[PDB]
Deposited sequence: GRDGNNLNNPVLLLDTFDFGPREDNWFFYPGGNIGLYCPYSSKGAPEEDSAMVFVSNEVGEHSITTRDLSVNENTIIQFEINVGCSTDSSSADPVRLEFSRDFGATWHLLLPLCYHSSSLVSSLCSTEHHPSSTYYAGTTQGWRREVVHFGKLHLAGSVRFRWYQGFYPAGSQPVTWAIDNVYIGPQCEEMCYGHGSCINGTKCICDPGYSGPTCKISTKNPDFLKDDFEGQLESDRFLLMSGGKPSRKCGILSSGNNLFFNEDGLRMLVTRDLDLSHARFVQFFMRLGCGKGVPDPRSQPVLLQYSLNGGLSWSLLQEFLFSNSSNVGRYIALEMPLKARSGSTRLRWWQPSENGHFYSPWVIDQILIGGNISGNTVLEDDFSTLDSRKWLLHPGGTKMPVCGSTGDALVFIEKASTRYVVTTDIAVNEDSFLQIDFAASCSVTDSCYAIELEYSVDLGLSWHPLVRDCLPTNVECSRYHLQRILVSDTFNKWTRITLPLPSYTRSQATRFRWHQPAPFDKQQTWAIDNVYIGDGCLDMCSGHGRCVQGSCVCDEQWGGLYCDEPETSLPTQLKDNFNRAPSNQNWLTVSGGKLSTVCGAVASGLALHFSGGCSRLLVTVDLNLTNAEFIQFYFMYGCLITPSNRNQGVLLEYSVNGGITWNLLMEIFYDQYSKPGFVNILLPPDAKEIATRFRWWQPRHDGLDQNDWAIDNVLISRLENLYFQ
């Protein structure tokens, strides 16, 4: 009961009985890109349109055709092609597909350079009866130059089954011609789509980009270009079909309004929607309202709704409007789609490549070697308004740890600066510090450390850092961020390499190796499966008089300190004086303390400026796992030691391991040559 109603391939002239009128039409080739079509050329005087005969349409009737308007990237609201119908023999005309959520049956210039297939299901929207159709642009006096347009391959008749899932053309309502990659007699089966999308616009991710150029106007991110929807006509951006079955997120930057004050009420919202059927039907993901607080560029991260999860979902940003005219524009930047629901436990990298699925964002960062690294590192060296790197989401549990090689400027500058290190459990909508600034003020802690661990003097050159991940980082989707807080000079460079965040190497290679694919690669002088057997004898003793230069056979790190006489005799001769403006930190080589009894040294405060308060007291801590964890031995109280005193401490049994190291560090001071301290005649024996 469902006859084919109209079919025209125009492929050597049209079929006369299909059409009542085609003023302005010719047969030929327009825009040989996406053979014979019905072209409506600019120059042609009078009405530009084409009208079908009267047709008995029913519940099952669709209109399907190919079209190209303008063959350009020039979005305009002028001389669009309207698909319309008439129940009164052309007396009056109406949009076949009104505007609502979905755009009207109006086809604007610039939407896509190439040809596109379109389909409207008449019978779902409108009642059966005797009906007339047309594709109308307008009526043009001689001289007018409206955009050129064309239709091809027009079918009016019964819909195919399931509408071919949106991924095919319908022949006569019985057979589907599936788009490349789609198969099955209904176009249902989908070839493996990508499960990831990233667009910075600094450059196939999109099917259409209508109504928007890449611009620097109205910017959020001062690295570069954004997508600016300032034009007229249709404002819409549409992704390729994506596998989102296991995706976690859609995130992007977005600004609503680009004006002096508050965007006006009549501004239509921006709609984020999804489609599992090639564009045929759209479900709302998020409405974005223009409001008194919208005229500001901001970060939007959303979780993937359950209903969007399929091996073939596409997304769109669309701003509705009656006549392709708008009150306030909008901007969009840094679009990422992806993640994993399995939210895996291991993110690992040596940066031979820079995979964006692991490193969502890296503004200011370059894949390059620096500072004698192994191959490339991720490097923040170039001129930047911003420097940071955000990881993708991984699942963090009891056995999870962060391990990275870090380097600051590598003797380029002598600036004192710190790289913030943060974590997020809400997809980067808010960041918290990984290591929270804690000191012997309360049992509120038993480990002691500073918020700012990654400091420029300590980390001048490559230094490994291993952190067991705190309980508050445990979630299914924790991402990490390295952040250089502005303002900052260019020459405050930094870099990361050999990143392992995960749970694959239990015990953390004992502090003497790095985890690489669930296996430990040990530091030199160490072997074994977990790096706990040393290759040679570690020294059983540490003695230092500081009458000569601190040696690399005694100390791994000396920050903020130099040999001086400024304190007078602390023990005798020169002492190691700490009065620097950045870190003040002293760290011993690993020592075999199997048979060791004590640690001792002479000690004085304020050779220059007397310490001001408690938190400025030097702490003495020990580690039996390569500095991964530190155990307080002594708070060297601030108000004590105004003249040189002697400190003698018995080693606790747990400190007497085959590889123990010590550190003295000041958590706080008023800066250069303030709250200073000195140590002489260190003895561990």
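- In this chain, the deposited residues that lack C-alpha positions fall in the ranges 1-7, 42-48, 115-128, 232-235, 718-725.
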